[PDB]
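Notes to accompany the following structure.
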Amino acid sequence: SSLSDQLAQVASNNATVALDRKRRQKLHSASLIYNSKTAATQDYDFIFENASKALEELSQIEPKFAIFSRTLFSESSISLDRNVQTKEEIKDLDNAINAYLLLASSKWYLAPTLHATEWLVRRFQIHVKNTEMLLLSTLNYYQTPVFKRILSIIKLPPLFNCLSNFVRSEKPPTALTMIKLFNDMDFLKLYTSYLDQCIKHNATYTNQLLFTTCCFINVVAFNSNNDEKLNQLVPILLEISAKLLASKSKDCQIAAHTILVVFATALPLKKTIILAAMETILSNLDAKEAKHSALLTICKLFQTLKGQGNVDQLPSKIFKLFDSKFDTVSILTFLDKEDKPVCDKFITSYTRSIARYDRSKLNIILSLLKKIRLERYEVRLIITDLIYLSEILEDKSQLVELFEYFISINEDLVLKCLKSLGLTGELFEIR
Amino acid sequence: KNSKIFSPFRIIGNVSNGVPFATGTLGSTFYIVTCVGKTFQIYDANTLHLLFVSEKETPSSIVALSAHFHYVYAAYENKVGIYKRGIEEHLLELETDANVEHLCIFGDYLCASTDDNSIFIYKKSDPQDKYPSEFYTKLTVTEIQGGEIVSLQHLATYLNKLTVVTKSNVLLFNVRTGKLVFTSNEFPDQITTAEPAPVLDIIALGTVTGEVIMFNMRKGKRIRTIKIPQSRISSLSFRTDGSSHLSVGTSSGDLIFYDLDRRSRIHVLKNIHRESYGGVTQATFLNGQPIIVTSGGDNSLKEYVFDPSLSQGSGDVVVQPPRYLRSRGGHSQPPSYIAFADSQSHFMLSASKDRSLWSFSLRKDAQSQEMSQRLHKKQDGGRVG
Amino acid sequence: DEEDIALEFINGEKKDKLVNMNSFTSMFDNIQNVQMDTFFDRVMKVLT
Amino acid sequence: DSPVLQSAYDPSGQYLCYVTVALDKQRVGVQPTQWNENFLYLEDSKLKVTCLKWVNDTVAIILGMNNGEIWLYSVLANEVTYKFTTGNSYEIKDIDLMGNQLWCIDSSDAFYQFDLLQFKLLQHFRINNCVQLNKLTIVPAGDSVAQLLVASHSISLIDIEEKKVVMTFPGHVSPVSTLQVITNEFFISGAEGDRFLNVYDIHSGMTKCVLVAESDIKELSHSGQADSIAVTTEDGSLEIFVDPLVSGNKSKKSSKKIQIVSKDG
Amino acid sequence: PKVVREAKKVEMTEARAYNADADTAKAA
Amino acid sequence: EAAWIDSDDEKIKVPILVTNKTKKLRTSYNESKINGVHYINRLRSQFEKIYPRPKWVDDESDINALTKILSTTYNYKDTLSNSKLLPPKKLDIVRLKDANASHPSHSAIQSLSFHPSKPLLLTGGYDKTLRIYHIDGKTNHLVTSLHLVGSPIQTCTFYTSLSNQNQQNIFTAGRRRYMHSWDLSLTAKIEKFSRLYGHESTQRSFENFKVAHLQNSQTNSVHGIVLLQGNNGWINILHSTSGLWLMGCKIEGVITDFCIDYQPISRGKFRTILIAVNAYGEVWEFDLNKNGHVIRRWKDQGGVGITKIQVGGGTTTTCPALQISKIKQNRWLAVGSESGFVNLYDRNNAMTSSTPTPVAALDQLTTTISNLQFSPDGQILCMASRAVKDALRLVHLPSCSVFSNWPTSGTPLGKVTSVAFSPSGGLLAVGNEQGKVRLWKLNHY
RNA sequence: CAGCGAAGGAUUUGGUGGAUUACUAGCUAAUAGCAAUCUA
């Protein structure tokens, strides 16, 4: 290309190294704490000693920082220069920095981590070189003067380009701009990589997960009326949904339930992928809040299923697994909940599966059929499966009790299912 | 018949036909040898100009061609023609009436295979001259040993071995002593593509159901399997610039880029080539290059480049989707009506049965370009119907 | 009776509530110091 | 344009079987030629009649649909009796039968053998060097189940046992739309779009005559001994040639022309 | 301002490839 | 570790310094001919430094199934196969041939109907020439074209008897004081109903009528009814075969419109209800298989002058049944105003209310509405004005969301004055004032 | 205001790619080697 941009490239390459006094002070004056004319007279040992004090108090409030004392906040670290050593030890350096940054992603409400990280900024120059992990680790606190400060001193990466009119503006960046930051899969694959590192370090927490989930449902909201964009956007959100369920935290599990429920009501998925999602959210379900939320999200997932085969049998290994994680009386009291969420298609598939893969305890199906109301094709398919069951195994008092209940309400349904299969005289013969 | 007024000259405006092309390197250049019906053509890959053509046609249609450094090995009805700079330098007549199907070049031993699982392998008279000129031996795969042949190649770092890929089995050879060495396991469906990997001694092989098996021939096992729903696979390749990327090409006109380090679809490409003319006949990475050369059966050759990543810290996880780069095409159906544009006999116009209009240039064959159907807007207020 | 049972099949569907691009902007007002189960109940009540 | 999608006469010319479309669903109607109201409807819009032929002898149509089925359909019992499937879900392009044995031709260029007395698929073969193919005709020599004549865009001839091309013909610039044998040695070809039928010898391949209409051909009937060929033009007129094979020595013109105008202009 | 999705002049770097010539031998 | 042993390469020897490219993999300056397996290992390391060895080969050797199915498939929407219903907010229209194009019309298109089973469209306008087309997706022609002088027709429709289905009577009416019936028999015999038996002082016009079946309910003489409008509050129900005044019903306030809702009673019995509105917008819902006396009455939530009421979902005028057992209870009601606000009501809970709240009260088309009709299956609502161009909207329901993708501004609707559906085909037909009727179809049906 | 009018119309502008001369392949120490290397 041309000469001007051809060496603007090498200027951006060697922006980290100070070449004289003017660029040295224009590089040293970046700070998370002090302003320019104060920060231009600090030395390294001063900010190092107050940062080490900040670190040791931060390490007694969180016991996983003495390793960074031993290897990154040591006394030789003030002499360790970054851009004087080879690519392999700079790779060691910035993955250690990334470890520290995701570890200290939580603590940004309290000033010890500000004074702990400001020496890291001033010495290892993460505000120019290691900028990405810094931004998308502290992205949760976007209404805070720490984020306004760090965005005022940052050099802005090519991904976060929507924020470049929020540098040195007193207005914090707004939620709409955060959505427009999140609204391309070049950013989203990056952010899912970061969340994968947070999962496999268990550095997840209730505020980062809340913010992440809220921006993801807002991204799906903006891509509601773009079918090609939504189908383009599936295999990353569902990917970290499945990676989010693999962890142990109740909060990330119910965040996975949140993105799953909003995505299922966003677009109609297929039966095989929604069944894999159902068994996946069941296969790592431990805490009671996760039980409650997973039951709600399973019911809504199955409610947003259309086309034929919607109310069919869930198979045996997902059915017994659902019964292993959820006993029948939990289903009964959830149906006894007074809010009455619409769960008719899931309860229809549950009735057909308990009548086909257990065929033993029909007090359950009679009780919950009394407890909810249910629509006509659902009860037609239930009583068809009941006709087949009543002819394969011999009739019982429970079976004929629910049968005469379906006599007592809406006779011509079971009459027309007998017209499809036999005759009411033959059914009274099998009575 | 022979004539006495007009002599035929060249069939212009024609790029590919559906035969899998080949590629060759010269220094740090790349040339693409594609087939057009009977003659072939040699493009380069940097600016995608034409460079060479065969100086005279073949008797039958070319069924299979390959390319070493300077030389192009064409293969038609019974023979294999070793060519240099588009000029035929040596015929090689095979010792049969059977029609040749595939071939490979490695080291000294050329190896072609007919349509009855019979493999003529040839050898250079002097281990210093330029092309295999002398018949060495004739292997023959029998139906006990596997199915009927579908490819053959010598994958790397193998001391004078060879790999024949049948419809049911993989089977090696030691071509010096003419010996089979290792039949592979059984494979439960028809496989149709096998391309080697730039990692040590494994070969990726895709079936008529959409799975890619990765056979490790030194181990004799399979390493991984990429499953894909109901895709008639057609053409595999690997990317060799360090960052490992597999690339499958489905005859439904699809091009799927798989990562292999984390088994993820990087990006799909839909309807890149037309479905009905064969789909993706052959697609390959240029080695040491982050570009893709695809060619369909619909008279089109394309290049797709992979951009550098936008995540300067993350890097290999965030991969930018493939752009579109240079491409050369004609219309894919026989041209209906034909005119000459200028008095200088430089441009000519075609309009074809596939309803496209092209301005071919018979002077220099990178100037030919499609005319564009973008309506001038009605500046009196009307709407386009 | 096949179109009758098809018509009953399409009759047996209640009013869902779709998503649209300005339905979830209100969550950003109380993304602060809120337990995620209460967030899940909030997004389900704004959803249905 | 004609609202009849297609139509075909029974042999000896007493009934017409015609496929029309009626609220995005094709229906087949039969009609005698001196009211009948047994419209066989079709199921859905993705299922339309490509080609059809009477049989002769429980009276029946066979209808090749556009998915890989041949609906052998009786006319008396107003339903499809038998459903000849193929292995592929490809739309067929023509059918022709002789006695028991029946041939179908696919879009994927395969040739299919069927037998309407035993309801099997006898054999199944695609051949090289003929790709766009849309209509065939079995050549009769008594019991010549061999040597059928396949045609699109350059007419070919096929023995069913050696299974190779035995003789190619100069086709047309368009796909062939009518391919009717007229004697034991001559056959009419006629493409779509063109006014020019041509009689080809089936042994020497030389064009004997070129029949010139005055508009585009749509269909044609011929007498049993090829002494009279009536074609129907695209603009709705009719051109009947008398004695086309007797010699205007190379390109025979239209002998008689018939149009049906009302008295209302 | 949107993210600058921006192309560039592309260049073919140096190849570096195993060749098959060293894969045969001879009995001595 | 190798599954095979070549047993030939170990007895080979190669002088590696014969050429340039094979002389760098020496290790001393005195070694010339090397063994075969050593040679294999040397060039194998040369290959591994000429392309590095990545991790995915030495990874492995082939709560998970979500990742597995997600890495399997591409199209993440089930709607390719069955779909059984509509997709909301984006429908699959296509265009067909303009249904007036064979034999055009001259006046407006004030009435447009379909034969209930046969593939026939009827067009009727103020130029007093009721035409009937045979319609199809390619080229659709005129079967017949009755003209009748001195009677510019306003509304006209097909009718078949429920009992023996072989009647096929058109009914047509305009601003005059006579209407016409027609038994269609492929030269026509038409009768002119003008005998008003009971009430003769309430019709300045016949220009609004419906046709509806009813049962006898002591016998089963299922037969037709013409329902004509009057002037004060009068709507008169006649006979369709004979022409006898069956009875009449007056509501209080000026009639604006009315509709007919059937409901089954047993296997073979059914009951008809007439729904009528004011301009004020309090409706009367009275059965008329017994004598016409009000069995329900309630009030629309709003409207100053409401213009058009249409019931749908089950069977109705536009989607009629053929066998008596094939008749169905409706689901949706719709009321439309001069302000444009169309309320749509469910009728599975709102037989109990006596003041029902709307399911939705939508407003997208601004001006007054003129025509609104449901689908034959009750998933599309179709609303249209007679005031401005492109004044038609389509509403997916039960979700009650307007379709966004259609109609755009570039659709050639014209100033719409009538609209109708197919009974089965999902083939929609719109008519304007400048003469042409255009034809679309819905690819889900 | 009108009409034109297939699930939008009409404009501003960046970047890349192809042309703007008439298409015989790259490098070097060049009757050859290289393309993994010109070194002993």
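Simple scheme: letters A, B, ... for chains in structure tokens order, numbers from 1 for residues in each chain, numbers from 1 for ligands in the order shown.
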
Could the residues of chain E that have an atom at most 12 Å from chain A be listed as JSON lines, each with its closest atom pair and the distance in Å to one decimal, counting only C-alpha atoms and ordered by chain and ascending residue number?
```
{"residue": "E:1", "atom": "CA", "partner": "A:162", "partner_atom": "CA", "distance": 5.1}
{"residue": "E:2", "atom": "CA", "partner": "A:162", "partner_atom": "CA", "distance": 5.6}
{"residue": "E:3", "atom": "CA", "partner": "A:161", "partner_atom": "CA", "distance": 5.0}
{"residue": "E:4", "atom": "CA", "partner": "A:158", "partner_atom": "CA", "distance": 7.3}
{"residue": "E:5", "atom": "CA", "partner": "A:158", "partner_atom": "CA", "distance": 9.1}
{"residue": "E:6", "atom": "CA", "partner": "A:158", "partner_atom": "CA", "distance": 10.5}
{"residue": "E:8", "atom": "CA", "partner": "A:1", "partner_atom": "CA", "distance": 8.9}
{"residue": "E:9", "atom": "CA", "partner": "A:1", "partner_atom": "CA", "distance": 7.8}
{"residue": "E:10", "atom": "CA", "partner": "A:1", "partner_atom": "CA", "distance": 10.8}
{"residue": "E:11", "atom": "CA", "partner": "A:1", "partner_atom": "CA", "distance": 11.8}
```

Please produce a file of the residues just selected, as a PDB file, in the first residue's frame, where the atoms kept are C-alpha atoms.
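Listed below is the output, again_18.pdb:
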```pdb
ATOM      1  CA  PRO E   1     -18.907   3.527  14.124  1.00  0.00           C
ATOM      2  CA  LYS E   2     -19.126  -0.121  13.091  1.00  0.00           C
ATOM      3  CA  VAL E   3     -16.275  -2.606  13.224  1.00  0.00           C
ATOM      4  CA  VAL E   4     -14.122  -2.008  10.169  1.00  0.00           C
ATOM      5  CA  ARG E   5     -14.558  -5.260   8.279  1.00  0.00           C
ATOM      6  CA  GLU E   6     -11.832  -4.495   5.799  1.00  0.00           C
ATOM      7  CA  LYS E   8      -6.376  -5.930   2.015  1.00  0.00           C
ATOM      8  CA  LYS E   9      -4.023  -6.606  -0.826  1.00  0.00           C
ATOM      9  CA  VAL E  10      -3.257 -10.305  -0.568  1.00  0.00           C
ATOM     10  CA  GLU E  11       0.175 -11.735  -1.311  1.00  0.00           C
TER      11      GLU E  11
END
```

Within 9 Å of chain C, which residues of chain A are there when counting only C-alpha atoms? Please give them as a ChimeraX atom specification. /A:175-176,206-207,209-211,214-215,217-225,250-252,254-255,257-258,261-262,265-266,289-290,293,296-297,304,341,375-378

Restricted to N, CA and C atoms, what would the selected residues look like written as a compact mmCIF listing (two decimals), in the first residue's frame?
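The new file part-v4.txt reads:
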```
# COMPACT_ATOMS: atom_id res chain seq x y z
N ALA A 175 -26.37 0.65 27.29
CA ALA A 175 -26.72 -0.74 27.06
C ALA A 175 -26.98 -1.03 25.59
N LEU A 176 -27.52 -0.07 24.86
CA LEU A 176 -27.73 -0.24 23.43
C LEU A 176 -26.40 -0.37 22.71
N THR A 206 -21.91 -14.44 39.67
CA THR A 206 -23.31 -14.05 39.51
C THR A 206 -23.48 -12.73 38.81
N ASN A 207 -22.45 -11.95 38.70
CA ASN A 207 -22.62 -10.68 38.01
C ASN A 207 -22.18 -10.76 36.56
N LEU A 209 -22.16 -13.52 34.84
CA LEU A 209 -23.11 -14.41 34.17
C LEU A 209 -24.42 -13.70 33.88
N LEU A 210 -24.86 -12.86 34.82
CA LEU A 210 -26.05 -12.05 34.62
C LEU A 210 -25.88 -11.11 33.43
N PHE A 211 -24.74 -10.43 33.36
CA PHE A 211 -24.52 -9.48 32.28
C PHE A 211 -24.40 -10.17 30.93
N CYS A 214 -27.83 -11.39 29.84
CA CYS A 214 -28.70 -10.29 29.44
C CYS A 214 -28.32 -9.76 28.06
N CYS A 215 -27.02 -9.64 27.78
CA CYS A 215 -26.63 -9.25 26.43
C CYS A 215 -26.93 -10.32 25.39
N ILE A 217 -29.55 -12.46 25.39
CA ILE A 217 -30.96 -12.40 25.04
C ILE A 217 -31.28 -11.11 24.30
N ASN A 218 -30.51 -10.04 24.52
CA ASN A 218 -30.75 -8.84 23.73
C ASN A 218 -30.25 -9.00 22.29
N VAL A 219 -29.18 -9.77 22.09
CA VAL A 219 -28.71 -10.07 20.74
C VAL A 219 -29.74 -10.90 19.99
N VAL A 220 -30.31 -11.90 20.66
CA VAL A 220 -31.35 -12.72 20.03
C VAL A 220 -32.60 -11.89 19.76
N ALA A 221 -32.87 -10.91 20.63
CA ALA A 221 -33.98 -10.00 20.40
C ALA A 221 -33.76 -9.15 19.15
N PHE A 222 -32.55 -8.61 18.97
CA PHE A 222 -32.29 -7.84 17.75
C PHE A 222 -32.30 -8.73 16.51
N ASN A 223 -31.93 -9.99 16.66
CA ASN A 223 -31.98 -10.87 15.51
C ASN A 223 -33.24 -11.71 15.46
N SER A 224 -34.32 -11.26 16.09
CA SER A 224 -35.64 -11.88 15.95
C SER A 224 -36.11 -11.97 14.52
N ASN A 225 -36.15 -10.84 13.81
CA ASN A 225 -36.72 -10.80 12.47
C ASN A 225 -35.65 -10.91 11.39
N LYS A 250 -24.96 -23.36 39.99
CA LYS A 250 -26.39 -23.21 39.74
C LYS A 250 -26.67 -21.97 38.90
N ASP A 251 -25.85 -20.93 39.04
CA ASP A 251 -26.10 -19.69 38.32
C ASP A 251 -25.79 -19.83 36.84
N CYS A 252 -24.69 -20.50 36.50
CA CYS A 252 -24.42 -20.70 35.09
C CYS A 252 -25.37 -21.73 34.50
N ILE A 254 -28.62 -22.04 35.37
CA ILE A 254 -29.87 -21.35 35.07
C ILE A 254 -29.67 -20.25 34.03
N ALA A 255 -28.45 -19.77 33.84
CA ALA A 255 -28.18 -18.90 32.70
C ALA A 255 -28.28 -19.66 31.39
N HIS A 257 -30.23 -22.19 31.01
CA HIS A 257 -31.67 -22.34 30.85
C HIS A 257 -32.31 -21.07 30.28
N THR A 258 -31.79 -19.91 30.66
CA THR A 258 -32.34 -18.65 30.18
C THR A 258 -32.09 -18.46 28.69
N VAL A 261 -34.29 -20.95 26.76
CA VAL A 261 -35.72 -20.67 26.66
C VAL A 261 -35.97 -19.50 25.71
N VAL A 262 -35.10 -18.48 25.73
CA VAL A 262 -35.35 -17.36 24.83
C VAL A 262 -35.00 -17.74 23.41
N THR A 265 -38.05 -19.83 22.10
CA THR A 265 -39.18 -19.01 21.68
C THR A 265 -38.80 -18.03 20.58
N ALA A 266 -37.51 -17.84 20.32
CA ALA A 266 -37.10 -17.01 19.20
C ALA A 266 -37.36 -17.70 17.88
N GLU A 289 -32.77 -24.99 42.92
CA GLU A 289 -33.08 -23.87 42.03
C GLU A 289 -32.88 -24.26 40.58
N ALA A 290 -31.83 -25.05 40.30
CA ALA A 290 -31.64 -25.59 38.97
C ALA A 290 -32.75 -26.55 38.59
N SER A 293 -35.93 -24.17 37.77
CA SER A 293 -35.73 -23.45 36.53
C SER A 293 -35.66 -24.39 35.33
N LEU A 296 -39.21 -25.41 34.40
CA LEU A 296 -39.85 -24.34 33.64
C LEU A 296 -39.33 -24.25 32.21
N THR A 297 -38.01 -24.38 32.04
CA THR A 297 -37.47 -24.22 30.70
C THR A 297 -37.75 -25.44 29.84
N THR A 304 -42.86 -24.51 22.70
CA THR A 304 -42.47 -23.94 21.40
C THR A 304 -41.95 -25.02 20.46
N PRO A 341 -48.43 -22.23 34.32
CA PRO A 341 -47.74 -22.01 33.05
C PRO A 341 -48.23 -23.01 32.02
N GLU A 375 -55.82 -30.07 25.68
CA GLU A 375 -56.59 -29.88 24.47
C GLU A 375 -56.82 -31.21 23.76
N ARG A 376 -57.58 -31.12 22.67
CA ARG A 376 -58.34 -32.23 22.11
C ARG A 376 -57.46 -33.23 21.37
N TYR A 377 -56.50 -32.77 20.56
CA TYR A 377 -55.64 -33.73 19.88
C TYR A 377 -54.70 -34.42 20.86
N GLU A 378 -54.30 -33.70 21.90
CA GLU A 378 -53.53 -34.29 22.98
C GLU A 378 -54.28 -35.41 23.66
```

Please determine the contact residues of chain E with respect to chain F at a cut-off of 10 Å, counting only C-alpha atoms, and supply them as JSON, numbers by chain. {"E": [16, 17, 18, 19, 21, 22, 23, 24, 25, 26, 27, 28]}

Which residue out of F:99, F:88, F:224, F:411 has the minimum interatomic distance to residue 398 in chain F when only C-alpha atoms are used?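 Ranking F:99, F:88, F:224, F:411 by distance to residue 398 in chain F, first place goes to F:88.
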
Between CA of residue 289 in chain B and CA of residue 24 in chain B, distance in Å (one decimal): 13.1 Å

Once you count only C-alpha atoms (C1' of nucleotides), what closest atom pair and distance in Å to one decimal does each residue of range 30-64 of chain B within 10 Å of range 4-23 of chain G have, with rows by chain and rising residue number, as CSV?
```
residue,atom,partner,partner_atom,distance
B:43,CA,G:23,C1',9.7
B:47,CA,G:18,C1',9.4
B:48,CA,G:18,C1',10.0
B:49,CA,G:23,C1',6.7
B:50,CA,G:23,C1',5.5
B:51,CA,G:23,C1',6.2
B:52,CA,G:23,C1',8.3
```

Shell around residue 13 in chain E at 12 Å using only C-alpha atoms (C1' of nucleotides), local window under 4 positions removed, as a VMD selection string: chain B and resid 27 to 30 46 241 286 to 291

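In terms of minimum interatomic distance to residue 75 in chain F, A:269 ranks closest within A:269, A:355, A:409, A:386, counting only C-alpha atoms.
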
Against chain D, which residues of chain F fall within 9 Å? For each one I want the closest pair of atoms and the distance in Å (one decimal), counting only C-alpha atoms, rows by chain and increasing residue number, as JSON lines.
```
{"residue": "F:118", "atom": "CA", "partner": "D:22", "partner_atom": "CA", "distance": 8.3}
{"residue": "F:119", "atom": "CA", "partner": "D:22", "partner_atom": "CA", "distance": 5.6}
{"residue": "F:120", "atom": "CA", "partner": "D:23", "partner_atom": "CA", "distance": 8.5}
{"residue": "F:134", "atom": "CA", "partner": "D:22", "partner_atom": "CA", "distance": 8.0}
{"residue": "F:135", "atom": "CA", "partner": "D:23", "partner_atom": "CA", "distance": 6.6}
{"residue": "F:136", "atom": "CA", "partner": "D:23", "partner_atom": "CA", "distance": 5.3}
{"residue": "F:137", "atom": "CA", "partner": "D:24", "partner_atom": "CA", "distance": 6.2}
{"residue": "F:138", "atom": "CA", "partner": "D:3", "partner_atom": "CA", "distance": 7.5}
{"residue": "F:139", "atom": "CA", "partner": "D:3", "partner_atom": "CA", "distance": 6.1}
{"residue": "F:140", "atom": "CA", "partner": "D:3", "partner_atom": "CA", "distance": 7.1}
{"residue": "F:141", "atom": "CA", "partner": "D:3", "partner_atom": "CA", "distance": 8.1}
{"residue": "F:422", "atom": "CA", "partner": "D:23", "partner_atom": "CA", "distance": 8.1}
{"residue": "F:424", "atom": "CA", "partner": "D:23", "partner_atom": "CA", "distance": 8.2}
{"residue": "F:425", "atom": "CA", "partner": "D:23", "partner_atom": "CA", "distance": 5.7}
{"residue": "F:426", "atom": "CA", "partner": "D:23", "partner_atom": "CA", "distance": 8.7}
{"residue": "F:427", "atom": "CA", "partner": "D:23", "partner_atom": "CA", "distance": 7.3}
```

Residues from last step as file, N, CA and C atoms, as a PDB file, in the first residue's frame:
```pdb
ATOM      1  N   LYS F 118     -65.738 -26.924  -6.537  1.00  0.00           N
ATOM      2  CA  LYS F 118     -65.264 -26.834  -7.900  1.00  0.00           C
ATOM      3  C   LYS F 118     -64.302 -25.656  -8.048  1.00  0.00           C
ATOM      4  N   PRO F 119     -63.338 -25.742  -8.968  1.00  0.00           N
ATOM      5  CA  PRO F 119     -62.327 -24.674  -9.136  1.00  0.00           C
ATOM      6  C   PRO F 119     -62.812 -23.438  -9.888  1.00  0.00           C
ATOM      7  N   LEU F 120     -63.722 -22.695  -9.277  1.00  0.00           N
ATOM      8  CA  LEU F 120     -64.437 -21.639  -9.974  1.00  0.00           C
ATOM      9  C   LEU F 120     -64.395 -20.360  -9.156  1.00  0.00           C
ATOM     10  N   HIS F 134     -62.766 -19.898 -14.622  1.00  0.00           N
ATOM     11  CA  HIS F 134     -62.015 -21.046 -14.157  1.00  0.00           C
ATOM     12  C   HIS F 134     -60.601 -20.566 -13.916  1.00  0.00           C
ATOM     13  N   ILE F 135     -60.120 -20.772 -12.696  1.00  0.00           N
ATOM     14  CA  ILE F 135     -58.866 -20.202 -12.236  1.00  0.00           C
ATOM     15  C   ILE F 135     -57.852 -21.301 -12.001  1.00  0.00           C
ATOM     16  N   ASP F 136     -56.614 -21.015 -12.378  1.00  0.00           N
ATOM     17  CA  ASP F 136     -55.484 -21.890 -12.136  1.00  0.00           C
ATOM     18  C   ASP F 136     -54.227 -21.037 -12.183  1.00  0.00           C
ATOM     19  N   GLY F 137     -53.107 -21.634 -11.800  1.00  0.00           N
ATOM     20  CA  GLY F 137     -51.895 -20.863 -11.616  1.00  0.00           C
ATOM     21  C   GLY F 137     -51.211 -20.377 -12.873  1.00  0.00           C
ATOM     22  N   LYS F 138     -51.620 -20.834 -14.052  1.00  0.00           N
ATOM     23  CA  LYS F 138     -50.900 -20.492 -15.269  1.00  0.00           C
ATOM     24  C   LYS F 138     -51.697 -19.564 -16.173  1.00  0.00           C
ATOM     25  N   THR F 139     -52.864 -19.997 -16.636  1.00  0.00           N
ATOM     26  CA  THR F 139     -53.661 -19.172 -17.537  1.00  0.00           C
ATOM     27  C   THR F 139     -55.132 -19.506 -17.315  1.00  0.00           C
ATOM     28  N   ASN F 140     -55.853 -18.534 -16.788  1.00  0.00           N
ATOM     29  CA  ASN F 140     -57.178 -18.742 -16.242  1.00  0.00           C
ATOM     30  C   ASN F 140     -58.227 -18.006 -17.053  1.00  0.00           C
ATOM     31  N   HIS F 141     -59.278 -18.719 -17.421  1.00  0.00           N
ATOM     32  CA  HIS F 141     -60.152 -18.230 -18.474  1.00  0.00           C
ATOM     33  C   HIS F 141     -61.561 -18.038 -17.949  1.00  0.00           C
ATOM     34  N   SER F 422     -59.433 -19.105  -1.269  1.00  0.00           N
ATOM     35  CA  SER F 422     -59.795 -20.426  -1.728  1.00  0.00           C
ATOM     36  C   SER F 422     -60.491 -21.178  -0.616  1.00  0.00           C
ATOM     37  N   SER F 424     -59.818 -24.400  -0.330  1.00  0.00           N
ATOM     38  CA  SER F 424     -58.794 -25.362   0.051  1.00  0.00           C
ATOM     39  C   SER F 424     -57.393 -24.944  -0.365  1.00  0.00           C
ATOM     40  N   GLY F 425     -57.264 -24.339  -1.545  1.00  0.00           N
ATOM     41  CA  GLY F 425     -55.966 -24.232  -2.193  1.00  0.00           C
ATOM     42  C   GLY F 425     -55.007 -23.247  -1.560  1.00  0.00           C
ATOM     43  N   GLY F 426     -55.490 -22.385  -0.674  1.00  0.00           N
ATOM     44  CA  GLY F 426     -54.656 -21.327  -0.149  1.00  0.00           C
ATOM     45  C   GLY F 426     -54.347 -20.353  -1.257  1.00  0.00           C
ATOM     46  N   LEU F 427     -55.370 -20.041  -2.037  1.00  0.00           N
ATOM     47  CA  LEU F 427     -55.236 -19.195  -3.207  1.00  0.00           C
ATOM     48  C   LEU F 427     -56.071 -17.958  -2.955  1.00  0.00           C
TER      49      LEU F 427
END
```
